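The structure appears right after this line, and notes come after that.
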Amino acid sequence: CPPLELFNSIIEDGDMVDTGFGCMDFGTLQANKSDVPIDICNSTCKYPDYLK
Amino acid sequence: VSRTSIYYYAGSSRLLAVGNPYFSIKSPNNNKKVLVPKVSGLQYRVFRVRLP
């Protein structure tokens with residue numbers, strides 16, 4: 001199991017919010033490409049960090 | 001107890017908490033060697049904070 005790391009970057013448009021499936025990069029952390037709908041599968045979803 | 005007119009702030013920057021959501025696993029070698037800890041969305045998060 002690969003270790004998890006907290007990255008943080010800048011939001012650019014065309015990228016999606018979380019859909020209840022974890023704020024993470026589905027492209028490199030999955031391999032089956034068959035666990036989420038096709039909209040977010042090759043991308044990463046982001047979310048704000050209000051306290052930061 | 002008498003109230004003075006002094007105040008302060010406390011900073012307790014971001015905490016890291018990841019693991020398996022179901023149980024805990026341990027080593028096949030020993031039985032006190034934790035490998036990844038059990039952390040769920042149902043656990044009693046209790047904090048113990050010191051004061052200077």
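Residue numbers start at 1 in each chain; chains themselves are named A, B, ... in the order of the structure tokens; ligands are numbered from 1 in the order shown.
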Could you tell me which residues of chain A sit within 12 Å of chain B when counting only C-alpha atoms, and give me the result as a short mmCIF file (atom, residue, chain, number, x, y, z; two decimals) with C-alpha atoms, in the first residue's frame?
```cif
data_model
loop_
_atom_site.label_atom_id
_atom_site.label_comp_id
_atom_site.auth_asym_id
_atom_site.auth_seq_id
_atom_site.Cartn_x
_atom_site.Cartn_y
_atom_site.Cartn_z
CA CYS A 1 0.00 0.00 0.00
CA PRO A 2 1.55 3.32 -1.04
CA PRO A 3 1.93 5.98 1.66
CA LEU A 4 -0.28 9.03 1.57
CA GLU A 5 1.02 12.58 1.41
CA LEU A 6 -0.68 15.96 1.75
CA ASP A 49 -8.34 24.68 2.82
CA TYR A 50 -10.09 27.28 4.97
CA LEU A 51 -7.92 27.05 8.08
CA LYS A 52 -4.70 27.20 6.06
#
```
Worksheet item: Using only C-alpha atoms, which residues sit within 12 Å of region 22-39 of chain A once same-chain residues fewer than 2 positions away are excluded, as an MDAnalysis selection string?
Response: chainID A and resid 1:8 14:20 41:49
Selection file, C-alpha atoms, as a CSV table (one decimal), in the first residue's frame:
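Printed below is part_1.csv as written:
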```csv
chain,number,residue,atom,x,y,z
A,1,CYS,CA,0.0,0.0,0.0
A,2,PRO,CA,1.6,3.3,-1.0
A,3,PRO,CA,1.9,6.0,1.7
A,4,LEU,CA,-0.3,9.0,1.6
A,5,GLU,CA,1.0,12.6,1.4
A,6,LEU,CA,-0.7,16.0,1.8
A,7,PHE,CA,-0.1,18.1,-1.3
A,8,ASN,CA,-1.3,21.6,-1.9
A,14,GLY,CA,-11.7,22.8,-15.6
A,15,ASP,CA,-10.8,20.9,-12.5
A,16,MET,CA,-13.6,19.4,-10.3
A,17,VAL,CA,-14.7,19.5,-6.7
A,18,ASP,CA,-14.9,16.5,-4.5
A,19,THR,CA,-17.8,14.1,-5.2
A,20,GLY,CA,-17.8,12.3,-1.9
A,41,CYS,CA,-11.1,9.4,-13.6
A,42,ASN,CA,-8.0,10.8,-15.4
A,43,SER,CA,-7.9,14.0,-13.3
A,44,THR,CA,-7.6,15.1,-9.7
A,45,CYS,CA,-10.3,16.8,-7.6
A,46,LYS,CA,-9.6,19.7,-5.3
A,47,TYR,CA,-11.2,21.3,-2.2
A,48,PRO,CA,-10.5,24.5,-0.3
A,49,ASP,CA,-8.3,24.7,2.8
```
Discussion item. Need to verify the contact set: region 32-48 of chain B, 9 Å, only C-alpha atoms, exclusion of same-chain residues closer than 5 positions in sequence. Can you return it as an MDAnalysis selection string?
Written reply: chainID B and resid 17:27
Practice prompt. Report as a list in words: the residues of region 7-51 of chain A with a DSSP assignment of alpha helix (DSSP H), based on the backbone of this structure.
Written response: residues 26, 27, 28 and 29 of chain A
Item to complete: Figure out the distance between CA of residue 4 (chain B) and CA of residue 52 (chain B), please, to one decimal in Å.
Response: 18.2 Å
Fill in: strand (DSSP E or B) per DSSP on the backbone: members of chain B, as a list in words
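Matching residues, listed in order: residues 20, 25, 26, 34, 35, 36 and 38 of chain B.
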